[PDB]
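Residues per chain are reported as follows:
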Amino acid sequence: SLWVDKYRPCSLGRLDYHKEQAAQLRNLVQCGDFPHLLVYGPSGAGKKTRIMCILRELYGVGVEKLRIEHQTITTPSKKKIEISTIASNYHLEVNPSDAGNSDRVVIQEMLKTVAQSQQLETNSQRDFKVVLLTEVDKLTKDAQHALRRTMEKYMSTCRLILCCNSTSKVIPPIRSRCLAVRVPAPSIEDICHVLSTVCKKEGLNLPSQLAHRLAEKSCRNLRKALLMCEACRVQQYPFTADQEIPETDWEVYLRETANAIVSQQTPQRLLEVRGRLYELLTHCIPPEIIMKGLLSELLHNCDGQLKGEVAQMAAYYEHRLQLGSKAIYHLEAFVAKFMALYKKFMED
Amino acid sequence: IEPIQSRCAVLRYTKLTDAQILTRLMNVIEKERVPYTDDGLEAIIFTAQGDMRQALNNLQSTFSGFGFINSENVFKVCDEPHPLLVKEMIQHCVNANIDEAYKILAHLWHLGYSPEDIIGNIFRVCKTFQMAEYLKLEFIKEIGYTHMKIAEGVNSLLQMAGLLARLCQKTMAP
Amino acid sequence: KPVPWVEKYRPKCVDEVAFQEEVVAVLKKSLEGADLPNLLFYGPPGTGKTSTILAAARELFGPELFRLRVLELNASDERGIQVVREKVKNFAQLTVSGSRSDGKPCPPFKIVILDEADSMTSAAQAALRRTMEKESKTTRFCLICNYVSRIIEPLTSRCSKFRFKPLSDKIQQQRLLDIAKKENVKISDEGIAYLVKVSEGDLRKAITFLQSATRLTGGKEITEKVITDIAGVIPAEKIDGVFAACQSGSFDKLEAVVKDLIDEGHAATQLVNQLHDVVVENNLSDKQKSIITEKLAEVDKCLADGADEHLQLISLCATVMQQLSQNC
Amino acid sequence: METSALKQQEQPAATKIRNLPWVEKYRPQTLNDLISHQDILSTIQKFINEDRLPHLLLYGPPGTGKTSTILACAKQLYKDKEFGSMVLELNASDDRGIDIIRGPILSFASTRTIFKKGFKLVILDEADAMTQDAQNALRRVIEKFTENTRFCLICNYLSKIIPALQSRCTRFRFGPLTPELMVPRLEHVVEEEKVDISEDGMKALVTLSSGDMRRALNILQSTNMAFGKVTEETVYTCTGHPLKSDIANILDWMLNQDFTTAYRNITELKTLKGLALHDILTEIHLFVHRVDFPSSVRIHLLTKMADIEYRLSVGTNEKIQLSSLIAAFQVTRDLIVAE
Amino acid sequence: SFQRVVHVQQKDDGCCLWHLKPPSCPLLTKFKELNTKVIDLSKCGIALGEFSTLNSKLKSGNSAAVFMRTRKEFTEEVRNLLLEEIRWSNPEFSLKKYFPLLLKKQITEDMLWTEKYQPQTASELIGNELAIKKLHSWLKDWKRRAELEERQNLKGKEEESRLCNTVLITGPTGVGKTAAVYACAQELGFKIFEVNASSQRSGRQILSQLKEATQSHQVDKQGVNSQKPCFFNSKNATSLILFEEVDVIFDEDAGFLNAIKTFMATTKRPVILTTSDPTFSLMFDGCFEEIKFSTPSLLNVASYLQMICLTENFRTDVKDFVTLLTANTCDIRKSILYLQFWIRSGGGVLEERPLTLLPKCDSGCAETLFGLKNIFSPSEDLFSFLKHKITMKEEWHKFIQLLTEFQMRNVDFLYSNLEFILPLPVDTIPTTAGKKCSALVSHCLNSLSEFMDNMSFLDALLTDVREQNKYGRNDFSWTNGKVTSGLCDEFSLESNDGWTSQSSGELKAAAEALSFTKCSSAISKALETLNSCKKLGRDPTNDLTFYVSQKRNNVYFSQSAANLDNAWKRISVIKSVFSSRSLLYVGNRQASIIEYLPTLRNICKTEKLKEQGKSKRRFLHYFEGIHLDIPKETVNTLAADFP
Ligand SMILES: Nc1ncnc2c1ncn2[C@@H]1O[C@H](COP(=O)(O)OP(=O)(O)OP(O)(O)=S)[C@@H](O)[C@H]1O
Ligand SMILES: Nc1ncnc2c1ncn2[C@@H]1O[C@H](COP(=O)(O)OP(=O)(O)OP(O)(O)=S)[C@@H](O)[C@H]1O
Ligand SMILES: Nc1ncnc2c1ncn2[C@@H]1O[C@H](COP(=O)(O)OP(=O)(O)O)[C@@H](O)[C@H]1O
Ligand SMILES: Nc1ncnc2c1ncn2[C@@H]1O[C@H](COP(=O)(O)OP(=O)(O)O)[C@@H](O)[C@H]1O
Ligand SMILES: [Mg+2]
Ligand SMILES: [Mg+2]
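Residues numbered from 1 in each chain as written, not as in the entry; some residues may be left out. Chains lettered and ligands numbered in written order. Part of a larger assembly, values for the part shown. Heavy atoms only, no water.

Looking at the entry header, you'll see cryo-EM listed as the method and 3.1 Å as the resolution.

A. Molecular detail of the overall build of chain A. Along its length, chain A carries 14 helices and 7 strands. Judged by the C-alpha coordinates and their principal axes, chain A covers about 75 × 55 × 35 Å. A fraction of 72% describes how many contacts in chain A between residues 6 or more apart in sequence connect residues 24 or more apart. Counting every atom, chain A has about 12800 Å² of accessible surface; 49% of that belongs to carbon and sulfur. (Helix = DSSP H or I, 4+ residues; strand = E, 2+ residues; numbered from the N terminus. Contact = heavy atoms within 4.5 Å. Areas by Shrake-Rupley, 256 points an atom, 1.4 Å probe, with all protein chains shown as cover.)

B. Fine view of the UniProt feature "binding site: ATP" in chain D. Residues and elements named next belong to chain D. Here the UniProt-annotated "binding site: ATP" positions come out as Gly60, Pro61, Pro62, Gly63, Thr64, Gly65, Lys66 and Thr67. Along the chain, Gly63 turns up in the loop between β1 (56-59) and α4 (67-77). Assessed through its relative accessible area of 18%, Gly63 is described here as buried. Among the secondary structure elements, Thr64 is positioned in the loop between β1 and α4. Look at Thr64 and you get buried, because its relative accessible area is 9%. Ignoring anything within four residues of it in the chain, the contact list for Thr64 reads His37, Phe174 and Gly175. (UniProt positions renumbered as here; feature names shortened; annotations may be inferred. Buried < 20%, exposed > 50% of the residue type's maximum accessible area, 1.4 Å probe, protein only.)

C. Highlighting the pattern of salt bridges. By the definition in use, this model includes 74 salt bridges over all chains. Among the ionic pairs, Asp79(B) bridges to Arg173(D), the shortest N-O distance being 3.4 Å. With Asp79(B) in the loop between α5 (71-78) and α6 (83-94) and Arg173(D) in strand β5 (residues 170-173), this residue pair bridges two chains. Each of the two residues, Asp79(B) as well as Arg173(D), counts as buried. A network of salt bridges, in which partner residues are shared, links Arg149(A), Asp77(C), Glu78(C) and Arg79(C). (Salt bridge = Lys/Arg side-chain N within 4 Å of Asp/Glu carboxyl O.)

D. The interface of chain E and chain A, seen in detail. Counting residues at the interface gives 90 residues for chain E and 78 residues for chain A. Taken together, both faces of the contact between chain E and chain A bury some 7500 Å²; the carbon and sulfur share is 57%. If you look at where chain E meets chain A, you find 7 salt bridges. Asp453(E) is the partner of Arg320(A) in a salt bridge, and the nearest nitrogen-oxygen pair spans 3.3 Å. Along the contact surface separating chain E from chain A lie 29 residue pairs in polar contact. (Buried area = accessible area lost by both parts, 1.4 Å probe. Polar contact = N/O pair within 3.5 Å; in protein donor to acceptor, adjacent residues only side chain to side chain.)

E. Spotlight on the coordination of the magnesium ion (ligand 6). All names here are of chain E. Taken together, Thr178 (OG1) and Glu244 (OE) make up the full set of protein donors to the magnesium ion (ligand 6), lying 2.0 Å away. Judged by relative accessible area, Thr178 falls into the partly exposed class, the value being 23%. Residue class for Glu244 comes out buried when judged on its relative accessible area of 9%. (Donors = N, O, S within 2.8 Å, 3.2 Å for Na, K, Ca; no water.)

F. Up close: the site of ligand 3. Residue and element names in this part refer to chain A. Taken together, 18 residues surround ligand 3, and among them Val4, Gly44, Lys47, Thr49 and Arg223 come closest. One of the side-chain N or O atoms of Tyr17 is found 3.4 Å from a nitrogen atom in ligand 3. In the model, an oxygen atom of ligand 3 is placed 3.2 Å from a nitrogen or oxygen of the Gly46 main chain. Protein chains shield 96% of the accessible area of ligand 3, which is 570 Å² for the free molecule. (Near = heavy atom within 4 Å.)

G. A look at the sheet that holds β5(D). Residue and element names in this part refer to chain D. Pairing in this open sheet of 5 strands is parallel, and the strands run β2-β3-β4-β1-β5 from one edge to the other. Unpaired on one side and paired on the other, β2 (87-91) and β5 mark the two borders of the sheet. With strand direction ignored, the average angle separating the axes of adjacent strands in the sheet is 15°. Pairing analysis gives 5 bridges linking β2 to strand β3 (residues 120-125), with the strands arranged parallel. By the bridge assignment, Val87 is partnered in β3 with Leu121. Taken strand by strand, helix α6 (residues 99-109) contacts β2, β3 and β4 (149-154), and its axis lies near 170° from that of β2. (Pairing = 2+ DSSP bridges. Axes fitted to C-alpha atoms, helices over the stretch in contact; angles between N-to-C directions.)

H. Local environment of the sheet that holds strand β5 (residues 130-134) of chain A. Residues and elements named next belong to chain A. In spatial order, the strands read β2-β3-β4-β5-β6-β1-β7; together these 7 strands make up an open sheet with mixed pairing. In this open sheet, the two edge strands, each paired with only one partner strand, are β2 (67-73) and β7 (179-182). In this sheet, neighbouring strand axes are inclined to one another by 25° on average, regardless of whether the strands run parallel or antiparallel. Note: strand β3 (residues 81-87) against strand β4 (residues 91-94), 2 bridges, orientation antiparallel. Bridge pairing in β4 places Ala87 opposite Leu92.

I. View of the interface of chain D and chain B. The interface is formed by 31 residues belonging to chain D together with 34 residues belonging to chain B. Around 2800 Å² of area is buried between chain D and chain B when both sides are counted, 50% of it from carbon and sulfur atoms. When the area that chain D buries against chain B is broken down by residue, the three leading residues are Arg173(D), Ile299(D) and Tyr310(D), summing to 23%. The tally of links from chain D across to chain B stands at 5 salt bridges. Mapped by element, the contributors of at least two residues to the side of chain D that touches chain B are α3 (38-49), α7 (132-144), α8 (163-168), β5, α15 (277-288) and α16 (295-313) of chain D.

Structure (structure tokens):
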């Protein structure tokens, strides 16, 4: 229990930002027939805590207890797949993107069991059970078609909550029937407010300069800000205005990878950069995150006309990375094309 | 499954080289009084890509249908898109002649051949085509991209016309 | 217990629909002999195809039997075409006895409302053709589709084709005001104009958006901001900021603008749509419009494939910046 | 089981006072009546009559005359007094998994004849719908009982058949008919039915059917009852196909005026005629090779149009893809014209 | 009936678009006349070898090389020399205590080598010494309890002990779980009652036929006792129950889990559970002692197979065995069986290699393991084939066949061994002349970048034979990956495509071979000019070296370019960290590791650095001070560094 979940708000009245949206979601809940929700926004914005607040407003306090169960579903290709699940008496939470192209093997089946439970469990509180869908943006085309037919079939049976970061990959049929809840990232002052409130509730005091530095370093990620504040608490018992905020280890590793890319353009350096990217990939860092970090740390050393070409190359190879399966090929292909272009730029 | 492979010894078989299929074809021919020519042998070997059962079945079918083994008889009884037509189309694409290459492609399309066997025969002819290594690599890459597009579901003459053109612009552009 | 307004506020019967004259005439001539042929309704979405034929089925069949003898199916099933084939097969296999108390014997056929008919492959349409000719007399089909030209030859040659021309903005605003006054929600008429501008002629999306705004605001005034957040439309000042950053020619402010749009939660597909709508209706040169619109098409394709919104948007904005700075 | 009373009832089924089954009006009865694929039916007679009938693999586009052809061969080879006892016609319509292979086919193939001694035959329709392991069982059944029974696999696409099943059988492709030979039949049916068609409507019928007799009869019959006369506009409006005038005007807009006016006009025409971008791309591609373009212009247009057609398949915004289609012509042909 | 069909369109008068005519511009009116005249193929006859690799000349005498191998029995001296050679190859291996046991085992044949060299004594198990120590000790307490029961019975006429009545052994396939329990049972005189998936085991069946084995004595206590009666229904020896492959549950095995739980509650004799599914230990409820067989060390199993071949008068190198075990992912049984097949066929090839660290060595087992000897002539080496340029059609077909045989496994051969086969120096990790050297380096880098762009093209824009991430997500993932195989007898009934795999593999193989040929030819052309730069005095050969790992240099060829042990450790510590009770309820997975894990490692590293400076002891009370129930070895793992 770190500071990120010990002080997570439990009801819609305890939220500190997006208060108008919180009141709108409360009015949504009080109508009694709230629709499928499509909650989206950047990572660390506060989508999950708002969904939890909605769930605590819908049902009683009993949603606050959770339990983990494992479900083994037989694929139509006759190869059983077992997935984990967080659940309660009133709601289910699932992430079928873990099932690969067999995500529909979750989608057409799992919620069906919940629908079965909706004719098995009777509570006389509400006529539905909320199914939370995490990382619905990572589903495939046929998985989303299965989800569409599923919410058509069990509309009056269960309600759907779809949490994502980007609604670009989701189909327009899946958006045409869900109420869209856009949760933007909190501002700097809002992160400072949350950090000061969380430090006061713990009994410590942090200066406004340190809170502003943490909020600026978090890149409008509230969870990253809370984790960095906890790390600063670990480093020093009192909070000083000049206390060094510690940096992320894989981020600084990516920074030295970019420095090694820039420094020398040789096949040997290309092989060490490939080894570094393999080391990052073995740490379960997503390759899209690696590409974004590499582009962010390579555009500092670039020149104005080179920046557009480098950004377009990074986008091209990241789309190739999405299409392919072995991401090291696309990562190092972007890397090697960048060293070739950078060398050609530096010779002239 | 993996424990079954663990409890055994896995031995690997590969496709038969056309030399071996030719030797067995001569063995069957010399024990069956089958009149033949060299072009019919090349056609039978082409229609059976590394398969000995397909080679024997095509030889028997051509002997039963016409009684002589030449190329026109083999391709009358097997009905692939003709490798002479596909070779001429690929040669036109090497010379960046979109008009004649599309003339051959549209003639093949109006003969009722599917996209799948047309692109398969295009790849099979292009595998042994006599051109430079870089041009062969670009041709194979574009043929593979188009074949993947056909396999995904979009299989029209527009896709094949766009390939011939991506093949023409490989040579017409540096 | 309750039902959303988009199906519960449909026309009950034929000729209650609006802005269709020939369609209603031939439909009424079909209802007069109680002989409804195979139907093919094509037009823009939300034009009122489904409401019209559901009204026709309510005219033809009794309301206790109208739900029993119609079956709404979707053609974008990912499990193949044999699933909907066996579904219509065992829907028409059952012959449950029904009658009307008004003094008219019911016609024996059933109705299959098969929507998104233009999303079917040619083989799937051929399987549907063989299913329709199998069930030639026991059930007469209808196909709701967006475009008539996607439906292959044997199906389109035998179903009567009806075009649903899109409703104008004024009739849509009148209908939306009717819904607002009848449902007791207080919303100003310029907000309703904003609703019909945002939905872009999709009356069904407009009704759904109005219901969502009513049940999300809480009986207070529906401002344009609530509608904008519900529909996912990016406000025009963000688009103007993107274009100003591209016209500046500096990459850092372009990155700042793209990051500001990304961390606000705004979708990249909506931004691509609004940039395209801005670009195709400006005083740009033809070559600039061509390059920008081609790049927008490839960026839309890459975003559908799951590529990162930040990288795709910064590549598109770099292309737009180069196009806007190569002439100045 | 079953699924056989419907066809038996359907064969002598017509209202006979009002209905006009034009497709069922002109059907061949034997191999001397189907005037098409003369090489194929001749070599089938040559195979049957000398007692060397092999395993057959009949494929091709549907409606080319495969099932009725093999019905004619089965009826001319076996009399009606012994037809049902030694000819077994199944298909993939009756599928409960793969049990049909180890059930009816394996039982039928492994036993001798009952009444009249001879060789038996299995007809298997839409054999491409079988699974891979069902074909792997069928090839073993064919291999070990090739002397007793022969097999005839009627499929639509040859690419869905495993290589060993294709290796056991000789293949017959039923291609589309040279559009020219179809015309005599169309003049025959218009002379019989007393209808008014111009030569342009004839051209429309032979370019829409792509060498299919049944679809030609369907379209001609439907346009006849719809209008009473058939010209290209009348058939194309009843069919709901992109008219040649509409595609020519679309091409003229994309070649002549600017981006915005052409885009607005094409959007108006698409909403007006119910036209999709896929069929626009198909007809524009057909128009590209009949219009005198330079080779580089043609290559550029074909590459761009193929890219747009691929992009439409994954489910992108049709409006932006239409703008890219306009852009493909605006890149090359407009500045070629203005030079 | 036969109603008419009409196309009703709301065609209002006007709009300038409903009634349209062809345009009057001359560009779209002069339609080009279509011609169907194609060239005539009757006159053009097809020459031999035009579309294939057919040659008029044929090789005679080069093929059909019969071995006729008569392996002489090795003398004692050369046996001692080869034993010392394996001693040099494996300094940590104790060579002397294993050879006489295998000599006794070997001292016309009719059984497999897996049961010919079956370990009869538990110390002959290779690796997993903690697991076999725990199992041997546990069976010692159970035999002690059986002897105590016998002593109590003859005299008549347990939290502190914590002797749980069952263990669950889990591990990979073929590491030796069943061999370990059989060896321990033979050592301690147990009598194994094996219940496997090859026999009908329904719940009432196994209950009513095997409870009395646990609850009662054995009627025959002396004589022929240490046997293995496999249950089915179509010194004193203590009974033992073994449940082989418990994760395999069928519909006919009705209530098998309830039956084995009833066995668990009411037994008086030891019970072993053997499985290879890691999820079962989390799925099964009950108290059992967990025993995990980790994957054994590659050098130890390599020396064990070297012992096996040395006993059979065969001399081999450890590198070929390391390649074989890397390809077989350290499966001991699969390696032993393939070694038996390959040795009893007459070995690979007769080659001489002088090693002191003598009969001719027998390298080449991994080459014929993948069937590459079926493509190549027996005078052709694989890397010698890859290094030289390729011009003639027949060895082009050989290259294509090599790559497509390696492509059915979805394995990238030329990428995994790119350094060792490119014409560039490879080393294991421990002015106008400058313009010319930089130009050569840029040429090499451009060729490499073009090749690997082409390979990204192949990986993304071409069809793959096996559908990747079919049941899980892509590689290096922590959330799942435990996709067990099917357990049901009904068929798949799928609509997969077979043409788009057979053609796809050939297409990918051809494109990969062509791209590698282009890159290698360009690099060789660039290195042709290295003599001019060496004459100029500047040497960029160092800038041209390839720095590969030591473990990648131990193989003839690698199956992958990564470190699998590293990745398995990282995913394992991720599951270990996020299996903690407070962190089980974190919703997401991507941002969960991305944000939670590095600050956890940062807090661990700060705690370790604070404890390295001799501060107060209360500083070690941060993690459990806020109730982070996380195991300590994972905390020490996070506190080390970030690689
Ligand atoms: N070449 C042709 N000329 C005239 N009529 C034809 C021709 N081909 C087919 N037909 C008609 O099509 C009817 C049915 O033929 P079939 O053999 O069933 O067609 P098919 O090729 O097997 O394709 P199917 O059955 O639709 S999957 C015949 O009775 C004829 O009326
Ligand atoms: N560590 C080992 N030492 C010696 N021989 C071994 C070893 N591991 C496997 N073997 C040999 O390989 C054979 C098969 O081993 P098993 O114990 O059956 O494999 P396993 O651990 O049970 O995995 P399964 O049963 O395939 S899931 C044994 O009988 C031995 O001959
Ligand atoms: N109103 C708030 N007050 C205090 N803390 C908050 C508030 N909203 C969010 N947080 C904190 O920020 C983090 C947001 O994480 P999460 O809910 O998972 O959002 P996302 O799903 O977008 O990452 C939570 O750990 C929570 O503790
Ligand atoms: N012409 C019309 N007359 C009356 N109501 C209409 C008309 N067109 C649309 N609507 C209303 O708009 C909604 C459109 O729903 P639907 O019929 O599904 O549209 P479509 O079938 O065009 O997709 C319905 O709720 C209906 O009440
Ligand atoms: Mg047929
Ligand atoms: Mg075992």
